[PDB]
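Heads up, the thing below is written out as C-alpha coordinates.
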Amino acid sequence: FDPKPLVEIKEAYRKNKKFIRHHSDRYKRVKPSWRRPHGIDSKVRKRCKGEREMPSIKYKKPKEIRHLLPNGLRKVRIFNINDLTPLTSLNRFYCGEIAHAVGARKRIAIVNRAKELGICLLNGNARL
RNA sequence: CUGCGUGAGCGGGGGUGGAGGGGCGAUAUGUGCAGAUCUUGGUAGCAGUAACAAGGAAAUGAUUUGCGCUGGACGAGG
(Lines give C-alpha, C1' and ligand atoms only; values in the text may rest on other atoms or scores of the structure.)
Protein backbone atom coordinates (compact mmCIF):
# COMPACT_ATOMS: atom_id res chain seq x y z
CA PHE A 1 0.00 0.00 0.00
CA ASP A 2 0.98 3.61 0.68
CA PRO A 3 2.49 3.28 4.19
CA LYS A 4 4.48 0.08 3.75
CA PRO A 5 6.95 0.92 0.93
CA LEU A 6 7.31 4.56 2.07
CA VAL A 7 8.45 3.61 5.58
CA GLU A 8 11.58 2.00 4.11
CA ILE A 9 12.45 4.92 1.88
CA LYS A 10 11.97 7.08 4.97
CA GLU A 11 14.50 4.98 6.87
CA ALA A 12 17.04 5.42 4.07
CA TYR A 13 17.08 9.18 4.72
CA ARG A 14 17.32 9.17 8.53
CA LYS A 15 20.30 11.02 9.98
CA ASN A 16 21.36 10.73 13.61
CA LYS A 17 23.38 13.97 13.71
CA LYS A 18 22.53 16.63 16.25
CA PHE A 19 23.50 20.30 16.00
CA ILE A 20 24.45 21.44 19.49
CA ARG A 21 25.91 24.77 20.57
CA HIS A 22 29.65 25.01 21.18
CA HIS A 23 30.73 24.90 24.87
CA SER A 24 27.17 24.07 26.00
CA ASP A 25 28.65 20.94 27.66
CA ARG A 26 31.08 23.16 29.62
CA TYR A 27 28.86 25.94 31.00
CA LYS A 28 25.33 25.48 32.28
CA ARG A 29 24.41 29.08 31.32
CA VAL A 30 24.99 28.22 27.65
CA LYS A 31 21.94 26.34 26.43
CA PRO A 32 22.12 23.61 23.79
CA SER A 33 19.94 25.43 21.18
CA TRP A 34 21.96 26.23 18.02
CA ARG A 35 23.70 29.59 17.47
CA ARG A 36 26.26 30.56 14.86
CA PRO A 37 29.59 32.02 16.10
CA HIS A 38 31.06 35.38 15.08
CA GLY A 39 34.38 35.70 16.92
CA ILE A 40 37.59 36.92 15.35
CA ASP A 41 39.46 33.80 16.59
CA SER A 42 36.59 31.30 16.22
CA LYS A 43 37.60 27.83 14.91
CA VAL A 44 34.06 26.40 14.53
CA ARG A 45 33.46 29.11 11.91
CA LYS A 46 36.47 27.92 9.91
CA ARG A 47 35.46 24.22 9.91
CA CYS A 48 38.73 22.95 11.40
CA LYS A 49 39.35 19.27 12.19
CA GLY A 50 37.80 18.10 15.45
CA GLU A 51 35.26 20.92 15.94
CA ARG A 52 31.47 20.57 15.88
CA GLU A 53 29.74 20.80 12.50
CA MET A 54 27.24 23.49 11.50
CA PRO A 55 23.83 23.07 9.86
CA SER A 56 23.22 23.63 6.14
CA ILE A 57 20.77 22.99 3.31
CA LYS A 58 22.65 19.98 1.96
CA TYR A 59 21.06 17.93 4.78
CA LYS A 60 17.47 18.79 3.85
CA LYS A 61 15.02 15.90 2.87
CA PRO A 62 13.25 15.23 -0.43
CA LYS A 63 9.76 16.68 -0.60
CA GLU A 64 7.99 13.30 -0.63
CA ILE A 65 9.09 12.06 2.81
CA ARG A 66 9.71 15.31 4.68
CA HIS A 67 7.49 15.52 7.81
CA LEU A 68 6.34 11.89 7.58
CA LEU A 69 5.23 10.10 10.72
CA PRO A 70 7.19 6.91 11.49
CA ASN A 71 4.22 4.74 10.48
CA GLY A 72 3.92 6.35 7.04
CA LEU A 73 1.11 8.90 7.39
CA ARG A 74 0.69 12.64 7.77
CA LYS A 75 -0.43 14.23 11.03
CA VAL A 76 -3.55 16.36 11.48
CA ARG A 77 -4.52 18.13 14.70
CA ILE A 78 -8.09 17.74 15.94
CA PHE A 79 -10.08 19.78 18.45
CA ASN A 80 -13.72 19.07 17.51
CA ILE A 81 -16.00 16.39 16.21
CA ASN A 82 -16.35 18.65 13.14
CA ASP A 83 -12.58 18.52 12.57
CA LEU A 84 -12.87 14.94 11.24
CA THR A 85 -15.15 15.88 8.32
CA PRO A 86 -12.41 16.80 5.79
CA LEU A 87 -10.77 13.40 6.44
CA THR A 88 -13.31 11.39 4.47
CA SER A 89 -12.15 11.37 0.82
CA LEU A 90 -8.63 10.69 2.17
CA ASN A 91 -8.60 8.41 5.21
CA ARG A 92 -5.61 6.33 4.09
CA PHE A 93 -3.01 9.11 4.04
CA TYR A 94 -3.62 10.78 7.42
CA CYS A 95 -3.47 10.01 11.13
CA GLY A 96 -5.35 12.24 13.54
CA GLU A 97 -4.09 13.45 16.89
CA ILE A 98 -6.28 14.89 19.65
CA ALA A 99 -4.91 18.05 21.24
CA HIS A 100 -3.71 17.84 24.82
CA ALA A 101 -6.18 20.30 26.37
CA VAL A 102 -9.39 18.59 25.20
CA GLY A 103 -11.22 17.00 28.11
CA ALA A 104 -12.34 13.42 28.58
CA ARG A 105 -16.02 14.25 28.08
CA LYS A 106 -15.35 15.46 24.53
CA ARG A 107 -12.75 12.77 23.84
CA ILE A 108 -15.43 10.07 23.98
CA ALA A 109 -17.38 11.91 21.30
CA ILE A 110 -14.38 12.29 18.99
CA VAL A 111 -13.28 8.67 19.39
CA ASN A 112 -16.71 7.34 18.40
CA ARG A 113 -16.98 9.46 15.24
CA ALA A 114 -13.56 8.37 14.00
CA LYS A 115 -14.43 4.69 14.42
CA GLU A 116 -17.50 4.93 12.18
CA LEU A 117 -15.47 6.72 9.49
CA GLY A 118 -12.31 4.60 9.36
CA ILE A 119 -9.93 7.34 10.50
CA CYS A 120 -6.78 6.38 12.40
CA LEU A 121 -6.06 8.06 15.73
CA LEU A 122 -2.48 8.39 16.95
CA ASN A 123 -3.74 9.53 20.34
CA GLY A 124 -6.69 7.37 21.40
CA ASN A 125 -6.64 5.05 24.41
CA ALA A 126 -5.35 7.94 26.54
CA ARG A 127 -7.07 9.55 29.53
CA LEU A 128 -9.85 6.95 29.32
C1' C B 1 10.00 10.24 28.80
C1' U B 2 9.06 10.48 23.34
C1' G B 3 7.80 12.16 17.73
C1' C B 4 8.68 16.06 13.61
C1' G B 5 12.08 20.08 11.45
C1' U B 6 19.01 21.51 7.71
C1' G B 7 17.98 25.08 11.80
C1' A B 8 15.59 29.22 14.76
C1' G B 9 11.70 26.02 17.15
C1' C B 10 6.84 23.15 17.26
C1' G B 11 3.88 18.61 19.14
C1' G B 12 2.16 14.16 22.11
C1' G B 13 2.35 10.67 26.89
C1' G B 14 2.78 9.77 32.75
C1' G B 15 3.26 12.21 37.62
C1' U B 16 2.73 17.32 40.05
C1' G B 17 -0.60 21.57 40.00
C1' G B 18 -5.95 23.80 41.15
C1' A B 19 -7.62 28.32 37.13
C1' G B 20 -7.99 29.75 32.93
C1' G B 21 -5.50 28.99 27.87
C1' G B 22 -5.04 29.20 22.22
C1' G B 23 -4.92 29.03 16.06
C1' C B 24 -5.10 32.27 11.49
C1' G B 25 -4.93 37.70 8.81
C1' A B 26 -3.71 42.99 9.48
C1' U B 27 -1.83 46.51 13.20
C1' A B 28 1.21 48.76 17.75
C1' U B 29 6.33 47.84 20.11
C1' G B 30 10.01 49.34 26.60
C1' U B 31 10.44 42.61 20.93
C1' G B 32 15.17 37.58 21.60
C1' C B 33 21.97 37.97 25.94
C1' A B 34 27.62 34.44 27.97
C1' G B 35 30.76 38.66 28.41
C1' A B 36 30.26 45.57 29.72
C1' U B 37 36.74 45.51 36.92
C1' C B 38 27.79 45.35 34.16
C1' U B 39 23.09 46.04 38.38
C1' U B 40 20.34 43.46 42.36
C1' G B 41 19.48 38.69 44.86
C1' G B 42 20.96 33.74 46.14
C1' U B 43 24.96 29.96 46.48
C1' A B 44 30.02 26.93 46.26
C1' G B 45 35.37 25.65 46.98
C1' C B 46 38.90 27.49 50.32
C1' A B 47 37.68 25.15 55.64
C1' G B 48 35.71 22.94 60.54
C1' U B 49 40.98 26.15 58.30
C1' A B 50 43.00 31.38 60.30
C1' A B 51 41.49 34.16 64.71
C1' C B 52 39.52 34.16 69.72
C1' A B 53 38.05 31.70 74.61
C1' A B 54 39.03 27.56 78.07
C1' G B 55 40.86 32.66 85.08
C1' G B 56 44.15 28.44 91.38
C1' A B 57 41.66 24.64 93.96
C1' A B 58 38.53 21.72 97.85
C1' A B 59 32.18 15.06 95.74
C1' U B 60 28.99 19.72 98.22
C1' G B 61 30.19 25.49 97.90
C1' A B 62 26.06 31.84 102.20
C1' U B 63 31.96 27.54 104.61
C1' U B 64 37.88 26.79 104.03
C1' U B 65 42.14 28.39 101.35
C1' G B 66 45.36 30.69 96.58
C1' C B 67 46.25 35.07 93.31
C1' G B 68 45.47 40.51 90.69
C1' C B 69 45.26 45.88 91.37
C1' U B 70 42.76 50.64 90.37
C1' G B 71 39.57 52.31 95.50
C1' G B 72 35.77 56.68 96.82
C1' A B 73 33.15 61.57 95.31
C1' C B 74 31.45 66.58 91.74
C1' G B 75 30.87 68.25 86.28
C1' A B 76 30.31 66.90 80.42
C1' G B 77 28.07 62.84 77.94
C1' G B 78 24.14 58.68 78.54
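All chains are named by letter (A, B, ...) in the order of the sequence lines, taking the proteins before the strands, and each is independently numbered beginning at 1.
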Of all of [range], which get a heavy atom below 4.0 angstrom from RNA chain B, listed by number?
| range | answer |
| --- | --- |
| residues 40-51 of chain A | none |
| residues 76-91 of chain A | A:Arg77 |
| residues 93-103 of chain A | A:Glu97, A:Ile98, A:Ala99, A:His100 |

* Where chain A begins and ends its contact with RNA chain B, read 5' to 3' at 4.0 Å from heavy atoms ->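 The protein-touched segment is B:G3 to B:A34.
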
What's [X] touching, base or sugar-phosphate or nothing? Going by heavy atoms closer than 4.0 Å.
| X | value |
| --- | --- |
| A:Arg26 | nothing |
| A:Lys28 | nothing |
| A:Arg36 | nothing |
| A:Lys58 | nothing |

Using salt bridge (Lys or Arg N to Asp or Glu O under 4.0 Å) as the criterion, list what pairs up with [X], not counting sequence neighbours.
| X | result |
| --- | --- |
| A:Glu51 | none |
| A:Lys4 | none |
| A:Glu11 | A:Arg14 |
| A:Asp41 | none |

* Asked: Please, which pairs that meet ring-ring contact (aromatic ring centres under 6.0 Å, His included) have at least one residue in residues 84-111 of chain A, sequence neighbours excluded?
  ->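 Every candidate ring-ring contact (aromatic ring centres under 6.0 Å, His included) pair involving residues 84-111 of chain A fails, so no pair, neighbours aside, qualifies.
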
* Please list all pairs passing the ring-ring contact (aromatic ring centres under 6.0 Å, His included) test where one or both residues lie in residues 14-67 of chain A, with sequence neighbours left out. =>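 Passing the test, one end in residues 14-67 of chain A: A:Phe19-A:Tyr59.
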
* To do: Stems involving RNA chain B: give each as a range paired with a range, ordered by first number, where a stem means at least three consecutive Watson-Crick or G-U wobble pairs under 3.5 Å.
  =>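 Output for stems: B:1-4 with B:9-12.
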
* Asked: Looking at residues at least two apart in the chain, or sitting in another chain, which of them share a ring-ring contact (aromatic ring centres under 6.0 Å, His included) with A:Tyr13?
  ->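 Expected list: none.
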
* **Main-chain N/O of A:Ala99 paired to A:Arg77 side chain as donor or acceptor, under 3.5 Å** =>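 No; zero donor-acceptor contacts below 3.5 Å.
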
* With side chains defined as the heavy atoms from C-beta onward, is the minimum distance between A:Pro3 and A:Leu73 less than 4.5 Å? ->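 Counting from C-beta outward, A:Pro3 and A:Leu73 do come under 4.5 Å.
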
* Asked: Side chains of A:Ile20 and A:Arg52: does their closest heavy-atom pair fall under 4.5 Å?
  ->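 The answer is yes, as the side chains (C-beta and beyond) meet within the 4.5 Å cut-off.
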
